[PDB]
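First the structure, in the form of structure tokens, and then the observations on it.
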Amino acid sequence: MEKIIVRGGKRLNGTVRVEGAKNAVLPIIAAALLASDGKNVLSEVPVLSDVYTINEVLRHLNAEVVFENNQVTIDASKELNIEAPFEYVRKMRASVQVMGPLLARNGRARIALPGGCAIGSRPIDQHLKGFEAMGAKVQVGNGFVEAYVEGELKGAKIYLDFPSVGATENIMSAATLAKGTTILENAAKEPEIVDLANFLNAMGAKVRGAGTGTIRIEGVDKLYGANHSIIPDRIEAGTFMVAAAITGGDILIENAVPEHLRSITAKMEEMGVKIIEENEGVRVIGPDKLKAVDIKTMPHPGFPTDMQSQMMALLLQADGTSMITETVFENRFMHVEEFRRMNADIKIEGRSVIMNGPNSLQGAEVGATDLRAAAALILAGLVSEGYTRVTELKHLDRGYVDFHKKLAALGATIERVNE
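Letter by letter, the sequence shown follows residues 1 to 419 of the entry's author numbering.
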């Protein structure tokens, strides 16, 4: 199997350029299905496995998708199909994101219910709650959730029990073509939501409030193809901020958007890390001694759950007790064991992990449990004695393009073998 081999205690110094946001492009590509004429041209699209999966789903739904030089040209002018099979949904959970758009285009959708996940149960209840409110009738059969609307989608007043990113994307996307105005209260405020909103409006929608807890969508007759550029990946940028801080280096993330990284920056500053908001992006200088802080993941603008595992690697080198309490995804600690393989002193209790640094991490053969954990294990290896060997790279490839190459360009002793 293909794996990444990491070593040394080299300081990472240089510049890195983040890719387009994974968590924004996926729902955006899905939203392209709303354009009944003519073509959407998405720019800054990263060559991630998930992008390939979402593109195939779209082709399966009878849409032409051409992906070249970080650009996805989508044509959804012909009538679309309604079924998104289980083979795609098990591979990529985000495939459910096509439900809203399909439901808005044809008045019905049939999506395979998601399978067990390592990150933790991420149900779609909230998505269905939204569609039922807009006049959709939901039933389940043969592993699929069927949704069909009587007449057409109605704009409705909807309340999310919790600010689900996925639910907000589907409900917001579906509302663009519904009759009347839809009021989505307690919506996801994540930066990716704002970019999806800007995309919907670009196609000809009337979405207001993206970024706030109350999104208002006034439905229109039809949407059109637009030219949109996907925002930088703040999580990828975050991962690099940790690389600098964990090795005590100087990394310039040229295209990082300070505005989408405040929570991360604030926390790293509490640890003694220095962060300069340059003219272009963001520069991160790491200190020789990190201070221990507590992290509590929460819905944006709170600290992002997608940085949880990465921060864990960083805290293991911090002087003092540190804990991360996860309030979004429990159990998102399947990677704890892998850190223990590397001599980490970690304790899992309830929805929190407790670590004491500074540890003396020992390189070992470890396996990526999931996307973000893969980056974390690799990060851990940058400061652990001996050679760290991370397997199950199919997870890394879902959210990071040429990760080992960027780290090598920063001076890391890294390589990708069986390549």
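For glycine and all other residues, C-beta sits at the position ideal for the given N, C-alpha and C.
Pairing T181 with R216 gives a Cβ-Cβ distance under 8 Å. Scanning the region 70-108 from its first residue to its last, the whole alpha helix (DSSP H) runs of 4-plus residues come out as 86-91, 99-106. Counting C-beta atoms within 10 angstroms of its own C-beta, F303 has 16 or more neighbours from the protein chains shown and is therefore classed as buried. Note that the region 386-403 touches the region 1-11; at least 3 beta-carbon pairs, one per stretch, sit closer than 8 Å. Collapsing the DSSP output to three states places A136 in a strand. It is roughly 16 Å from the alpha-carbon of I28 to the alpha-carbon of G38. Just so you know, the alpha carbons of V57 and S95 end up roughly 7 Å apart. Under the three-state reduction of DSSP, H60 is assigned to helix. Scanning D195, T212, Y224, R262 for the CA closest to the CA of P232 turns up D195. Pairwise C-beta distances place the region 6-16 out of contact with the region 59-66, as fewer than three of them are shorter than 8 Å. Residue pairing by DSSP places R416 opposite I4 in a beta bridge.
Taking all protein chains shown into account, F162 has fewer than 16 neighbouring C-beta atoms within 10 Å of its C-beta and is therefore exposed. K22 is the residue among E365, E270, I74, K22 whose C-alpha sits nearest the C-alpha of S49. Taking C-alpha positions only, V98 is separated from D288 by approximately 47 Å.
Of the candidates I378, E415, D402, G367, the residue whose Cα lies closest to the Cα of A118 is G367. Between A175 and the set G8, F333, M134, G286, the nearest pair of CA atoms involves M134. Secondary structure at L48: coil, using DSSP grouped into helix, strand and coil. For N201, the uninterrupted alpha helix (DSSP H) segment begins and ends at 191-202.
Within the same chain, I414 come within 6 Å of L407 by CB-CB distance, once the 5 residues on both sides are set aside.
Here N69 is exposed: its Cβ has fewer than 16 other Cβ atoms, across all protein chains shown, within 10 Å. Per the coordinates, the alpha-carbon of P191 lies some 32 Å from the alpha-carbon of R416.
In the DSSP assignment, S352 is bridged to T325, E349. Between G120 and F329, the gap from beta carbon to beta carbon is short of 8 Å. The alpha helix (DSSP H) runs lying completely inside the region 223-276 and spanning 4 residues or more are 234-247, 262-270, given in chain order. When only Cα atoms are considered, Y52 and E87 end up about 14 Å apart. Excluding sequence positions up to five before and after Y400, its CB lies within less than 7 Å of the CB of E236, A375, all in the same chain and listed in chain order.
If you ignore the 5 residues before and after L371, its C-beta comes within less than 6 Å of the C-beta of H395, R398, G399, all in its own chain and listed in chain order.
Straight through space, the alpha carbons of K179 and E79 are spaced by roughly 20 Å.
The alpha-carbon separation between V41 and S164 amounts to approximately 27 Å.
In the three-state reduction of the DSSP assignment, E218 falls in the strand class, which pools E and B.
Residue state for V401 is assigned as coil, using DSSP reduced to three classes. Setting aside the 5 residues that flank it on each side, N418 is surrounded in the same chain by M1, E2, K3, each with a C-beta closer than 8 Å to its C-beta; the list follows chain order. A direct Cα-Cα distance of roughly 37 Å separates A313 from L200. Separation of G213 and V145 (C-alpha to C-alpha, rounded to the nearest whole angstrom) is 28 Å.
Note that the C-beta distance between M355 and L382 is not below 8 Å. Distance from the CA atom of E280 to the CA atom of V257, rounded to whole angstroms, is 9 Å.
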